[PDB]
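Trainee: So that you have it, the file is protein-v9.txt, and it contains compact mmCIF, N, CA, C and O atoms and all ligand atoms:
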# COMPACT_ATOMS: atom_id res chain seq x y z
N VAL A 17 27.99 -16.82 107.27
CA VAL A 17 27.51 -15.97 108.36
C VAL A 17 28.17 -16.31 109.72
O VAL A 17 28.60 -17.45 109.97
N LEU A 18 28.19 -15.35 110.63
CA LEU A 18 28.93 -15.47 111.90
C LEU A 18 28.35 -16.55 112.73
O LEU A 18 27.13 -16.59 112.89
N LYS A 19 29.19 -17.44 113.27
CA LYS A 19 28.74 -18.59 113.98
C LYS A 19 29.00 -18.47 115.46
O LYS A 19 29.21 -19.50 116.15
N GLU A 20 29.02 -17.25 116.00
CA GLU A 20 29.30 -17.10 117.46
C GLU A 20 28.46 -15.91 117.93
O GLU A 20 27.81 -15.25 117.12
N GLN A 21 28.43 -15.65 119.21
CA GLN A 21 27.77 -14.47 119.72
C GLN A 21 28.68 -13.24 119.54
O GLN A 21 29.87 -13.35 119.23
N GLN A 22 28.10 -12.05 119.72
CA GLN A 22 28.86 -10.80 119.74
C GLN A 22 29.64 -10.72 121.05
O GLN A 22 29.25 -10.09 122.05
N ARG A 23 30.69 -11.48 121.04
CA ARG A 23 31.34 -11.90 122.20
C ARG A 23 32.16 -10.71 122.73
O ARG A 23 32.38 -10.81 123.93
N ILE A 24 32.66 -9.73 121.92
CA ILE A 24 33.43 -8.64 122.59
C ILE A 24 32.42 -7.53 122.95
O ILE A 24 31.91 -6.93 122.06
N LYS A 25 32.15 -7.30 124.22
CA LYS A 25 31.23 -6.34 124.69
C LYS A 25 31.97 -5.12 125.18
O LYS A 25 32.91 -5.25 125.92
N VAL A 26 31.46 -3.96 124.83
CA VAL A 26 32.05 -2.70 125.24
C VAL A 26 30.93 -1.91 125.90
O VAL A 26 29.90 -1.64 125.25
N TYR A 27 31.14 -1.47 127.12
CA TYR A 27 30.05 -0.77 127.84
C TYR A 27 30.65 0.20 128.82
O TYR A 27 31.83 0.16 129.03
N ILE A 28 29.85 1.01 129.47
CA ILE A 28 30.35 2.05 130.37
C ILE A 28 30.01 1.70 131.76
O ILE A 28 28.91 1.16 132.06
N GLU A 29 30.94 1.93 132.68
CA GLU A 29 30.72 1.85 134.16
C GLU A 29 31.04 3.22 134.73
O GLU A 29 31.72 4.07 134.15
N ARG A 30 30.48 3.43 135.92
CA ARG A 30 30.68 4.73 136.63
C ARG A 30 31.99 4.75 137.26
O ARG A 30 32.56 3.76 137.70
N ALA A 31 32.59 5.98 137.20
CA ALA A 31 33.76 6.32 137.96
C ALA A 31 33.35 7.42 138.93
O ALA A 31 32.26 7.98 138.89
N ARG A 32 34.28 7.84 139.74
CA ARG A 32 33.92 8.92 140.68
C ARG A 32 34.01 10.29 140.11
O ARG A 32 34.68 10.52 139.06
N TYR A 33 33.37 11.21 140.76
CA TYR A 33 33.39 12.58 140.36
C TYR A 33 32.80 12.86 138.96
O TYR A 33 33.23 13.79 138.28
N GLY A 34 31.78 12.11 138.66
CA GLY A 34 31.08 12.35 137.44
C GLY A 34 31.75 11.84 136.21
O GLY A 34 31.21 12.10 135.06
N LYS A 35 32.84 11.14 136.34
CA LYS A 35 33.49 10.53 135.24
C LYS A 35 32.99 9.15 135.01
O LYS A 35 32.34 8.54 135.82
N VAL A 36 33.40 8.60 133.83
CA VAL A 36 33.01 7.25 133.44
C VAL A 36 34.21 6.47 132.96
O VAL A 36 35.26 7.07 132.67
N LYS A 37 34.04 5.18 132.83
CA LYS A 37 35.06 4.27 132.33
C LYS A 37 34.43 3.36 131.28
O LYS A 37 33.27 2.98 131.38
N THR A 38 35.24 2.98 130.30
CA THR A 38 34.85 2.05 129.24
C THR A 38 35.39 0.66 129.58
O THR A 38 36.61 0.55 129.86
N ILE A 39 34.52 -0.35 129.58
CA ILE A 39 34.89 -1.70 129.87
C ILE A 39 34.82 -2.47 128.58
O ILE A 39 33.88 -2.37 127.80
N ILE A 40 35.92 -3.23 128.33
CA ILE A 40 35.93 -4.20 127.16
C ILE A 40 36.04 -5.62 127.78
O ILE A 40 37.05 -5.94 128.46
N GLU A 41 35.01 -6.38 127.52
CA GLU A 41 34.90 -7.75 128.08
C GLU A 41 34.71 -8.69 126.95
O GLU A 41 34.21 -8.41 125.89
N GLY A 42 35.31 -9.87 127.03
CA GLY A 42 35.13 -10.90 126.01
C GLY A 42 36.29 -11.24 125.13
O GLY A 42 36.27 -12.22 124.33
N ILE A 43 37.35 -10.46 125.21
CA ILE A 43 38.59 -10.84 124.54
C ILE A 43 39.18 -12.01 125.32
O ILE A 43 39.28 -11.96 126.54
N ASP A 44 39.58 -13.07 124.62
CA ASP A 44 40.01 -14.32 125.26
C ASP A 44 41.36 -14.05 125.99
O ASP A 44 42.42 -13.82 125.35
N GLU A 45 41.27 -14.04 127.29
CA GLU A 45 42.37 -13.68 128.15
C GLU A 45 43.43 -14.80 128.16
O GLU A 45 44.57 -14.56 128.50
N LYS A 46 43.04 -16.01 127.77
CA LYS A 46 44.00 -17.12 127.69
C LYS A 46 44.89 -16.97 126.46
O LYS A 46 46.08 -17.20 126.54
N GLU A 47 44.33 -16.61 125.32
CA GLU A 47 45.01 -16.54 124.11
C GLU A 47 45.79 -15.20 123.97
O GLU A 47 46.83 -15.17 123.41
N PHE A 48 45.16 -14.09 124.43
CA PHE A 48 45.75 -12.75 124.21
C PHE A 48 46.09 -12.09 125.50
O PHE A 48 45.59 -12.41 126.52
N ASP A 49 47.09 -11.22 125.41
CA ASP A 49 47.62 -10.50 126.60
C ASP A 49 46.80 -9.22 126.77
O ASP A 49 47.06 -8.18 126.04
N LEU A 50 45.82 -9.24 127.69
CA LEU A 50 45.01 -8.06 127.85
C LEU A 50 45.78 -6.87 128.34
O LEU A 50 45.36 -5.74 128.06
N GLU A 51 46.87 -7.06 129.11
CA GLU A 51 47.70 -5.92 129.54
C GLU A 51 48.27 -5.20 128.38
O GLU A 51 48.33 -3.97 128.31
N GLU A 52 48.74 -5.98 127.39
CA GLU A 52 49.30 -5.39 126.24
C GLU A 52 48.32 -4.59 125.36
O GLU A 52 48.62 -3.53 124.85
N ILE A 53 47.18 -5.23 125.20
CA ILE A 53 46.08 -4.56 124.45
C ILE A 53 45.65 -3.31 125.19
O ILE A 53 45.50 -2.28 124.50
N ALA A 54 45.55 -3.36 126.50
CA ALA A 54 45.24 -2.15 127.26
C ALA A 54 46.25 -1.08 127.05
O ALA A 54 45.87 0.09 126.85
N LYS A 55 47.53 -1.45 127.10
CA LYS A 55 48.59 -0.43 126.88
C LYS A 55 48.47 0.22 125.55
O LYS A 55 48.65 1.44 125.40
N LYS A 56 48.18 -0.50 124.46
CA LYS A 56 48.07 -0.01 123.15
C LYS A 56 46.88 0.98 123.07
O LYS A 56 46.95 2.00 122.44
N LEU A 57 45.75 0.57 123.64
CA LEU A 57 44.57 1.45 123.53
C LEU A 57 44.82 2.68 124.36
O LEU A 57 44.37 3.77 123.86
N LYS A 58 45.40 2.58 125.52
CA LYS A 58 45.78 3.74 126.45
C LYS A 58 46.66 4.72 125.67
O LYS A 58 46.48 5.94 125.79
N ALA A 59 47.58 4.21 124.91
CA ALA A 59 48.49 5.08 124.16
C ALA A 59 47.77 5.74 123.04
O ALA A 59 47.96 6.98 122.85
N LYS A 60 46.89 5.06 122.30
CA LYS A 60 46.18 5.60 121.22
C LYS A 60 45.23 6.73 121.67
O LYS A 60 45.11 7.74 121.01
N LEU A 61 44.60 6.54 122.85
CA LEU A 61 43.60 7.49 123.36
C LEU A 61 44.23 8.48 124.36
O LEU A 61 43.47 9.36 124.87
N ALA A 62 45.48 8.34 124.78
CA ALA A 62 46.12 9.15 125.90
C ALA A 62 45.24 9.17 127.10
O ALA A 62 44.85 10.22 127.62
N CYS A 63 44.82 8.00 127.53
CA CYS A 63 43.89 7.86 128.68
C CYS A 63 44.44 6.90 129.68
O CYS A 63 45.36 6.07 129.32
N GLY A 64 44.03 6.87 130.90
CA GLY A 64 44.36 5.83 131.81
C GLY A 64 43.64 4.55 131.52
O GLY A 64 42.73 4.52 130.68
N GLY A 65 44.03 3.52 132.27
CA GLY A 65 43.29 2.24 132.17
C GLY A 65 44.12 1.11 132.74
O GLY A 65 45.29 1.33 133.11
N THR A 66 43.53 -0.05 132.67
CA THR A 66 44.13 -1.25 133.28
C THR A 66 43.52 -2.47 132.61
O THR A 66 42.50 -2.42 131.96
N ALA A 67 44.15 -3.60 132.76
CA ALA A 67 43.57 -4.88 132.57
C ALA A 67 43.47 -5.54 133.92
O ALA A 67 44.47 -5.66 134.66
N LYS A 68 42.27 -6.01 134.23
CA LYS A 68 42.08 -6.77 135.46
C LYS A 68 40.87 -7.63 135.42
O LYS A 68 39.89 -7.25 134.79
N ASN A 69 40.97 -8.83 136.04
CA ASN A 69 39.82 -9.71 136.14
C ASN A 69 39.19 -10.03 134.78
O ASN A 69 37.97 -10.16 134.67
N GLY A 70 40.03 -10.20 133.76
CA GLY A 70 39.57 -10.60 132.47
C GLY A 70 38.92 -9.53 131.58
O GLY A 70 38.37 -9.79 130.52
N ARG A 71 39.10 -8.29 132.04
CA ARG A 71 38.50 -7.16 131.35
C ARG A 71 39.52 -6.05 131.18
O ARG A 71 40.47 -5.97 131.91
N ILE A 72 39.35 -5.20 130.16
CA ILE A 72 40.12 -3.98 130.04
C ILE A 72 39.21 -2.83 130.46
O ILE A 72 38.05 -2.77 130.06
N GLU A 73 39.76 -1.94 131.28
CA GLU A 73 39.09 -0.72 131.73
C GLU A 73 39.82 0.46 131.26
O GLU A 73 41.06 0.57 131.46
N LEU A 74 39.16 1.39 130.61
CA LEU A 74 39.74 2.63 130.10
C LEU A 74 39.09 3.83 130.75
O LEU A 74 37.85 3.87 130.91
N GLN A 75 39.87 4.84 131.11
CA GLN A 75 39.32 6.10 131.62
C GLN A 75 38.58 6.85 130.51
O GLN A 75 39.16 7.03 129.43
N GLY A 76 37.36 7.21 130.75
CA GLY A 76 36.50 7.91 129.81
C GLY A 76 35.63 7.05 128.99
O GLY A 76 35.77 5.83 129.10
N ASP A 77 34.75 7.61 128.20
CA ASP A 77 33.83 6.91 127.32
C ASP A 77 34.43 6.93 125.92
O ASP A 77 34.55 8.01 125.29
N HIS A 78 34.91 5.73 125.46
CA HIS A 78 35.56 5.60 124.14
C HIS A 78 34.79 4.80 123.22
O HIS A 78 35.32 4.22 122.25
N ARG A 79 33.47 4.64 123.43
CA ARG A 79 32.62 3.92 122.53
C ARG A 79 32.63 4.50 121.14
O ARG A 79 32.37 3.74 120.19
N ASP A 80 32.91 5.78 120.99
CA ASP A 80 32.87 6.40 119.65
C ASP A 80 33.98 5.82 118.76
O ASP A 80 33.76 5.83 117.52
N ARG A 81 35.09 5.40 119.32
CA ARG A 81 36.25 5.04 118.53
C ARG A 81 36.61 3.55 118.74
O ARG A 81 37.51 3.09 118.02
N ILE A 82 36.00 2.79 119.63
CA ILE A 82 36.53 1.50 120.05
C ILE A 82 36.48 0.48 118.95
O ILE A 82 37.41 -0.35 118.89
N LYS A 83 35.47 0.48 118.08
CA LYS A 83 35.43 -0.54 117.00
C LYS A 83 36.59 -0.30 116.06
O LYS A 83 37.27 -1.28 115.67
N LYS A 84 36.91 0.92 115.69
CA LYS A 84 38.04 1.23 114.81
C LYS A 84 39.29 0.83 115.50
O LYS A 84 40.22 0.24 114.84
N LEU A 85 39.47 1.15 116.79
CA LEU A 85 40.73 0.88 117.42
C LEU A 85 40.94 -0.61 117.56
O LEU A 85 42.07 -1.09 117.40
N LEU A 86 39.91 -1.36 117.91
CA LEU A 86 40.08 -2.83 117.99
C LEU A 86 40.30 -3.43 116.62
O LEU A 86 41.09 -4.42 116.51
N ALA A 87 39.71 -2.85 115.60
CA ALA A 87 40.02 -3.34 114.20
C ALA A 87 41.39 -3.04 113.83
O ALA A 87 41.99 -3.94 113.10
N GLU A 88 42.05 -2.00 114.31
CA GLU A 88 43.49 -1.73 114.07
C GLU A 88 44.30 -2.86 114.69
O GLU A 88 45.46 -3.15 114.26
N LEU A 89 43.78 -3.49 115.74
CA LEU A 89 44.41 -4.62 116.39
C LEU A 89 43.90 -5.97 115.88
O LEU A 89 44.08 -6.96 116.56
N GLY A 90 43.25 -5.92 114.73
CA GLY A 90 42.87 -7.15 114.06
C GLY A 90 41.65 -7.81 114.50
O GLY A 90 41.31 -8.89 114.03
N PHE A 91 40.88 -7.23 115.46
CA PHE A 91 39.61 -7.85 115.85
C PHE A 91 38.54 -7.60 114.80
O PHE A 91 38.39 -6.52 114.32
N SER A 92 37.73 -8.64 114.54
CA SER A 92 36.61 -8.55 113.63
C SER A 92 35.50 -7.58 114.18
O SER A 92 35.02 -7.84 115.24
N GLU A 93 35.10 -6.64 113.40
CA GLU A 93 34.11 -5.62 113.93
C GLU A 93 32.79 -6.29 114.16
O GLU A 93 32.04 -5.92 115.05
N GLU A 94 32.48 -7.39 113.49
CA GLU A 94 31.23 -8.10 113.79
C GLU A 94 31.12 -8.79 115.11
O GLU A 94 30.06 -9.16 115.61
N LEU A 95 32.26 -9.01 115.80
CA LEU A 95 32.23 -9.61 117.08
C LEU A 95 32.06 -8.55 118.20
O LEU A 95 31.85 -8.98 119.30
N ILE A 96 32.12 -7.28 117.80
CA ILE A 96 32.14 -6.18 118.83
C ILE A 96 30.77 -5.58 119.02
O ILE A 96 30.22 -5.10 118.01
N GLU A 97 30.22 -5.70 120.19
CA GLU A 97 28.89 -5.07 120.54
C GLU A 97 29.22 -3.86 121.41
O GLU A 97 29.66 -4.06 122.55
N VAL A 98 28.90 -2.69 120.93
CA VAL A 98 29.04 -1.46 121.77
C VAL A 98 27.67 -1.21 122.41
O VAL A 98 26.69 -0.99 121.72
N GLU A 99 27.62 -1.26 123.70
CA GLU A 99 26.35 -1.20 124.44
C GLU A 99 26.27 0.16 125.12
O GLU A 99 25.13 0.50 125.59
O1 LIG B 101 31.64 5.46 140.79
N1 LIG B 101 31.09 6.32 141.39
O2 LIG B 101 30.27 7.02 140.60
Go ahead and render the structure in this file as structure tokens.
Ligand SMILES: O=N[O-]
Mentor:
Amino acid sequence: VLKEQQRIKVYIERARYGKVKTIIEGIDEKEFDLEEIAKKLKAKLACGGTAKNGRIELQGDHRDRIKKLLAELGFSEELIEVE
């Protein structure tokens, strides 16, 4: 059984003009290149976004697809909490 918390958190923050953004927090920024992971997810979703301050930010609400997309990048789906 899993011996850690649901350490990759995915949640929504407000953007302007009635839009929203998806935040992915908890990917180890020391070990992995969050800029690169952001670029990959941006390309898969054709959306804007950035990596900053230890988090990835994506334009729009991508909670519907984020577990599949992070699993395409090898992340364990049990570590991912979509909030
Ligand atoms: O972020 N302004 O909704």
Trainee: Report as a short mmCIF file (atom, residue, chain, number, x, y, z; two decimals) with N, CA, C and O atoms, keeping the file's coordinate frame all protein, DNA and RNA residues lying within 5 Å of residue 95 of chain A, evaluated on all atoms listed in the file, omitting residues in the same chain fewer than 6 positions from it.
Mentor:
data_model
loop_
_atom_site.label_atom_id
_atom_site.label_comp_id
_atom_site.auth_asym_id
_atom_site.auth_seq_id
_atom_site.Cartn_x
_atom_site.Cartn_y
_atom_site.Cartn_z
N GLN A 21 28.43 -15.65 119.21
CA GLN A 21 27.77 -14.47 119.72
C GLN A 21 28.68 -13.24 119.54
O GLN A 21 29.87 -13.35 119.23
N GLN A 22 28.10 -12.05 119.72
CA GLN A 22 28.86 -10.80 119.74
C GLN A 22 29.64 -10.72 121.05
O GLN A 22 29.25 -10.09 122.05
N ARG A 23 30.69 -11.48 121.04
CA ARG A 23 31.34 -11.90 122.20
C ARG A 23 32.16 -10.71 122.73
O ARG A 23 32.38 -10.81 123.93
N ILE A 24 32.66 -9.73 121.92
CA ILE A 24 33.43 -8.64 122.59
C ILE A 24 32.42 -7.53 122.95
O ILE A 24 31.91 -6.93 122.06
#
Trainee: Residues up to 7 Å from ligand LIG 101 (chain B), counting only C-alpha atoms and all ligand atoms: could you list those as a list in words?
Mentor: residues 30, 31, 32, 33 and 34 of chain A
Trainee: Please return as number ranges by chain: the residues of chain A that backbone DSSP assigns to alpha helix (DSSP H).
Mentor: A: 50-61, 82-88
Trainee: Between A:17, A:50, A:89, A:63, which is the closest to residue 76 of chain A once you count all atoms listed in the file?
Mentor: A:63
Trainee: For segment 66-74 of chain A, list every protein, DNA or RNA residue within 9 Å, evaluated using only C-alpha atoms, and leave out those in the same chain fewer than 4 positions away; present the list as a list in words.
Mentor: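 Within the cut-off, the hits are residues 36, 37, 38, 39, 40, 41, 42, 43, 44, 45, 50, 51, 52, 53, 54, 55, 57, 58 and 78 of chain A.
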Trainee: How far is it from atom CA of residue 47 of chain A to atom CA of residue 80 of chain A, in Å with one decimal?
Mentor: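 Atom-to-atom, atom CA of residue 47 of chain A to atom CA of residue 80 of chain A, that is 26.3 Å.
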Trainee: Run DSSP on the backbone and tell me which residues of chain A come out as strand (DSSP E or B); list them as an NGL selection string.
Mentor: :A and (24-30 or 36-41 or 65-68 or 71-75 or 96-98)
Trainee: Between atom CA of residue 88 of chain A and atom CA of residue 65 of chain A, what is the distance in Å, rounded to a tenth?
Mentor: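 Atom CA of residue 65 of chain A lies 18.5 Å from atom CA of residue 88 of chain A.
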Trainee: I'd like the interatomic distance between atom C of residue 60 of chain A and atom CA of residue 97 of chain A, to a tenth of an Å.
Mentor: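 That distance, rounded to one decimal, is 20.2 Å.
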Trainee: Excluding residue 83 of chain A and any residue of its chain fewer than 6 positions from it, enumerate the residues within 7 Å of it, using all atoms listed in the file, and give them as a list in words.
Mentor: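 Returned residues: residues 89, 91, 92, 93 and 96 of chain A.
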Trainee: My list of candidates is A:46, A:61, A:99, A:84. Which is closest to residue 29 of chain A when distances are computed with only C-alpha atoms?
Mentor: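 So, comparing all the options, the nearest one is A:99.
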Trainee: With distances taken over all atoms listed in the file, which residue among A:77, A:20, A:27, A:59 lies nearest residue 94 of chain A?
Mentor: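 Of A:77, A:20, A:27, A:59, the one nearest residue 94 of chain A is A:20, counting all atoms listed in the file.
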